[PDB]
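Novice: Here the deposited numbering is used: the first residue of the sequence shown is 1, the next is one more, and so on. For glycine and all other residues, C-beta sits at the position ideal for the given N, C-alpha and C. Structure provided below as structure tokens; questions to follow.
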Amino acid sequence: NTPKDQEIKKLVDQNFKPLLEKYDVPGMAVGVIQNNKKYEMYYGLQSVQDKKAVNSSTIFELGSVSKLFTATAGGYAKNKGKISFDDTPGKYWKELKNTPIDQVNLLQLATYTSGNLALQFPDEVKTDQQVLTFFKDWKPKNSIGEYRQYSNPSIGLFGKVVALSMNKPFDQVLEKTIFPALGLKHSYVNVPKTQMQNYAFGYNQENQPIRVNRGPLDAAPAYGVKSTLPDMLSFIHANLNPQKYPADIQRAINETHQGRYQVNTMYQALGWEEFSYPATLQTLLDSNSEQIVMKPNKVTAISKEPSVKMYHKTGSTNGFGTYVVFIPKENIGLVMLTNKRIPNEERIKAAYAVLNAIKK
């Protein structure tokens, strides 16, 4: 006999701990939640030069996992009657009325099907006026709704519009409404001075300390959130148990679980990627392939609406890596946070190995 917490720690040691030496990663946090029990595993240093250990207070950058909070905020505003996903952005950002982008609906912005939005804002797009000009000069390429092209400006505009519909800045939408509704205590769009001692350095591919800095304000819905391992386990708990939360945030969480279309084996939900469960490892790897992440792909309507499903999301910044995954009917999920990027495939593979080996 070996206690469960030790069995899970041994599986994380076997599958995630070797990644630290393999990719010269300073620090890592891995959390598993199973049947509402949380297991937290911390490795390495949040700051190499300060010899400061990663711990339950360490704040990491979530990168594109930030989009899951934007999606939740959108689900919240929709089920509060503040927006319809059939609305267009010019209904809320009036300067976009009578522009081509005002033909694209909010759901299409949130799920990357406008037809002509690239992965990033151009480097020169920094001010609010440059963002306005960027979207005013947008013209459709592909037929709207036909093609998925993963796009930070696309979901950034969605987040800006959600915020406008709630009459507050997006940072306030998350920090004053969504994070508290989810019970998160150390999640931020802007880390306060009192928490800077807990904000890990990111480390670039030369193991030099860095931190996210760039992009316009309206990129924050795409990659601007920072959080801790306990907070991300609470967020997974909320996604596994939405019925335990008040009606408004319950409905918001459920909105993010609804698949909207497919590209091959991947269901695009709001923020989350969704898959039939059990999913093959290759299905999960394909979601992060160059073909899916970097190129436009024709979308198809959902045919099989999976009763039994799983969800995941990767995220990265220059100096950080994130992976979150959960499986509702196995009552289980996992979060990985690192302060150095490692290949997405390694994150997915390690999590797959751990989750499949944990005893039910």
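In this structure, how does DSSP classify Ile83 when only helix, strand and coil are distinguished?
Specialist: Coil.
Novice: For the alpha helix (DSSP H) holding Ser165, just list the boundary residues, first then last.
Specialist: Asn152 to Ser165
Novice: So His312 is in the beta strand (DSSP E); what residue range does that whole segment cover?
Specialist: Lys309 to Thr317
Novice: Consult DSSP for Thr338 and reduce its assignment to one of helix, strand or coil.
Specialist: strand
Novice: Would you check if the stretch 54-61 and the stretch 128-135 touch, i.e. whether three or more CB-CB distances between them fall below 8 Å?
Specialist: no
Novice: Looking at the secondary structure, which residues open and close the alpha helix (DSSP H) in which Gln108 lies?
Specialist: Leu106 to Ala110
Novice: Using only the alpha-carbon positions, how far apart do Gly75 and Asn105 sit?
Specialist: 15 Å
Novice: Among the residues of its own chain, which have a CB less than 7 Å from the CB of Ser143, if the five just before and after it don't count?
Specialist: Listed in chain order, the non-local C-beta contacts of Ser143 below 7 Å within the same chain comprise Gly115, local neighbours out to five positions each way being set aside.
Novice: In angstroms with no decimal places, state the Cα-to-Cα distance between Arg214 and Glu7.
Specialist: 41 Å
Novice: Quick one, which of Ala163, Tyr112 and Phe85 has its alpha-carbon nearest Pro296's?
Specialist: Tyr112
Novice: With H, G and I counted as helix, E and B as strand and the rest as coil, what does DSSP make of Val189?
Specialist: coil
Novice: Can you check DSSP and say which residues form a bridge with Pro209?
Specialist: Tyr203
Novice: Pick from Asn344, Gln172, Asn264 and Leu132: whose alpha carbon is nearest that of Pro153?
Specialist: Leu132
Novice: How many angstroms separate the CA atom of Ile292 from the CA atom of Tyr147?
Specialist: 11 Å
Novice: Is the stretch 34-53 touching the stretch 80-87 in the sense that three or more CB pairs, one from each, lie closer than 8 Å?
Specialist: A contact between stretches requires three or more CB pairs, one per stretch, nearer than 8 Å, and the stretch 80-87 fails this requirement with the stretch 34-53.
Novice: Return the first residue and the last residue of the beta strand (DSSP E) that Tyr267 is part of.
Specialist: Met266 to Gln268
Novice: Three-state secondary structure (DSSP) at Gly90?
Specialist: helix
Novice: Can you give the Cα-Cα distance for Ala279 and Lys193, rounded to whole angstroms?
Specialist: A straight-line Cα-Cα distance of about 43 Å links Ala279 and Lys193.
Novice: What does the Cβ neighbour count give for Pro26, buried or exposed, with the cut at 16 atoms within 10 Å?
Specialist: buried
Novice: Give the range of the alpha helix (DSSP H) segment to which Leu174 is assigned.
Specialist: First-last for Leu174: undefined, no H or E at that position.
Novice: Can you grab the Cα-Cα spacing for the pair residue 366 / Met166, in whole Å?
Specialist: Past the edges of the chain, shown from 1 to 360, lies residue 366, and the structure says nothing about it.
Novice: According to DSSP, is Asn297 helix, strand or coil?
Specialist: strand
Novice: Within the continuous alpha helix (DSSP H) that includes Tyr23, where are the two ends?
Specialist: Looking at the DSSP string, the run of the alpha helix (DSSP H) that includes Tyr23 is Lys17 to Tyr23.
Novice: Can you check whether the CB of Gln258 is closer than 7 Å to the CB of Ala269?
Specialist: yes
Novice: Comparing alpha-carbon positions, which option in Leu240, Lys244 and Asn264 lies nearest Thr256?
Specialist: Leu240
Novice: Hey, would you say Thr317 sits closer than 7 Å to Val212, going by beta carbons?
Specialist: yes
Novice: Secondary structure at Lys4, three-state DSSP: helix, strand or coil?
Specialist: Three-state result, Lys4: helix.
Novice: With a threshold of 7 Å on Cβ separation, who are the neighbours of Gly63 within its own chain once the five nearest residues in sequence on each side are excluded?
Specialist: Closer than 7 Å at Cβ, skipping near neighbours: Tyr223, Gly315, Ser316, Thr317, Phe320 and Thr322.
Novice: Would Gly156 and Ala219 be called neighbours here (beta carbons separated by less than 7 Å)?
Specialist: Yes.
Novice: Measure the C-alpha to C-alpha separation of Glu274 and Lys244 and round it to an integer number of angstroms.
Specialist: 22 Å
Novice: Does the Cβ of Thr72 have 16 or more other Cβ atoms within 10 Å, making it buried, or fewer, making it exposed?
Specialist: buried
Novice: When the Cα atoms are used, what is the spatial distance from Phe179 to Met232?
Specialist: 11 Å
Novice: Roughly how many angstroms lie between the CA atoms of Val324 and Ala118, to the nearest whole one?
Specialist: 24 Å
Novice: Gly31 and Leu334 look like a contact to me (Cβ under 8 Å); what is the Cβ gap, rounded to whole Å?
Specialist: Right, their Cβ atoms sit about 7 Å apart.
Novice: Can you give me the Cβ contacts of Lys360 inside the same chain, cut-off strictly under 8 Å, excluding the 5 residues immediately before and after it?
Specialist: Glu330
Novice: Around the Cβ of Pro89, are there at least 16 other Cβ atoms within 10 angstroms (buried) or fewer (exposed)?
Specialist: buried
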